[PDB]
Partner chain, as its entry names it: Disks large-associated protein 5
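Read the single chain below, which is given as structure tokens and is the form deposited without its partner chain.
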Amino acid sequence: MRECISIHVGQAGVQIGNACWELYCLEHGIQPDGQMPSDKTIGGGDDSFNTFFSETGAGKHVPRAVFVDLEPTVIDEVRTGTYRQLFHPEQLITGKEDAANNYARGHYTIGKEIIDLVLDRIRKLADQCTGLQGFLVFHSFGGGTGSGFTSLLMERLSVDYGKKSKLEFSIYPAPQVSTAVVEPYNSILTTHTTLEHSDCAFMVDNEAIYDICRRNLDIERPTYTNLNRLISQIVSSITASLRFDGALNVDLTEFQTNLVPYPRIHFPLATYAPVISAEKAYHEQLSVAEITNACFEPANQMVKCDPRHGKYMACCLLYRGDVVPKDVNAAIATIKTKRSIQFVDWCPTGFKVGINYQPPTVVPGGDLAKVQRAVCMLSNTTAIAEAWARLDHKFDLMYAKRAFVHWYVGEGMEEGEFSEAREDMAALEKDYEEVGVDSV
């Protein structure tokens, strides 16, 4: 049976983690105590799924998760919250102090003293596994833990495990909104290391999900408890073919192969088009054509970067629910007729499809509606080459005055590391420009 280890870091990954397991425990019938009152129906079978939950001989289901935060505020809310009886007590609070939004604290200085506890806890987790295929790291571009500890842990897992998928879900830093002055630095320092190890980093942007929650869900005052659920639905759409039956099943190494041409351009965006409420659940028929057209609207992306300021390289439409492949064929035919959606000359196919017969679940306390079908579009795009340029421009000013650098030097970073990290980024915009040029 397949297995996938989930590794949550920082306030953002741990808080995003709270929504993913809240969703999966409902998709599988598990209560927060770990028990499972669905087995009385069948008395056997595999309604529990070893891709996420290991099972004891007592009738309890334990997730394959590790929550490392280097601070106790968020993992204590799980230890006291509604899900205290689900997680194995080894949730690494550790955390005498946090990383203070500093790569230099989460990487070496305070990242040490805790990582060997994480790798030991991860080593225990893959020895209980038969068919381990992949890691799922949920972190944040901009923090200190989510920037440095992820880098360290990936550098260590590439050594230990090696030929294993490693998919990142990161909160991309937004152009306008920001909650810190040291996000550009930490982002460009995380990429420097993660780019040589990771295999596909799915980016999300809170400024986009805010506008989505505004225009489509009709929430004028949204918070993070609502966006984390959308992200849970994304990961549920990726992690569906490993749990539920379907027609075109998509394993995790398929994302590693049908979306990354070259081993540096692996930062695709993400969508989930039926983001409608129960009010507008009616007045809409929710067919594949409407959805596939929505996924390529510039608005309904979970990241803020116009796909029309660049070209598409690869796309991946994970369908779930009642879908017949003629509908997807017609949908994809409709996009190729459209000129706004422009494709690289070196990818005439450009699309992937994956269909699954289990539709998405509705959480109580949720803003999304019940739908007989749903879709997740994960696209690679040259548009991000601007976003990268924006971050580089933000880095170029502050580092021209050595602002905030003594806070990094004070915890074990050299000046040349900042310059070495910038160089690696200049050499990633040139790659996108090199990919956009037409053949001759």
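Shifts are known only where both forms have a C-alpha. Residue numbers count along the first chain shown, from 1. Throughout, rigid core stands for the largest set of C-alpha atoms superposing within 1.5 Å between the two forms.
Omitted here: the form deposited with its partner chain bound. The next part is about that form.
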**Request:** Give a yes/no on whether residue 308 approaches its partner chain to within 4.5 Å in the bound PDB entry, heavy atoms considered.
**Result:** yes
**Prompt:** Hey, in the bound PDB entry, does residue 296 get a heavy atom within 4.5 angstroms of its partner chain?
**Reply:** yes
**Request:** Using the partner position in the bound PDB entry, report whether residue 341 sits within 4.5 Å of its partner chain, counting heavy atoms only.
**Result:** yes
**Request:** Would you give me the residues of 214 to 247 that have any heavy atom within 4.5 Å of its partner chain in the bound PDB entry, in order from first to last?
**Result:** 214, 215
**Item:** Sole member of 208, 125, 93, 276 with a C-alpha shift of at least 2 Å between the shown form and the other one (core-superposed)
**Value:** 93
**Prompt:** Where does the chain move between the shown form and the other one, taking runs of at least 3 residues whose CA atoms all shift 2 Å or more after fitting the core?
**Reply:** 91 to 94
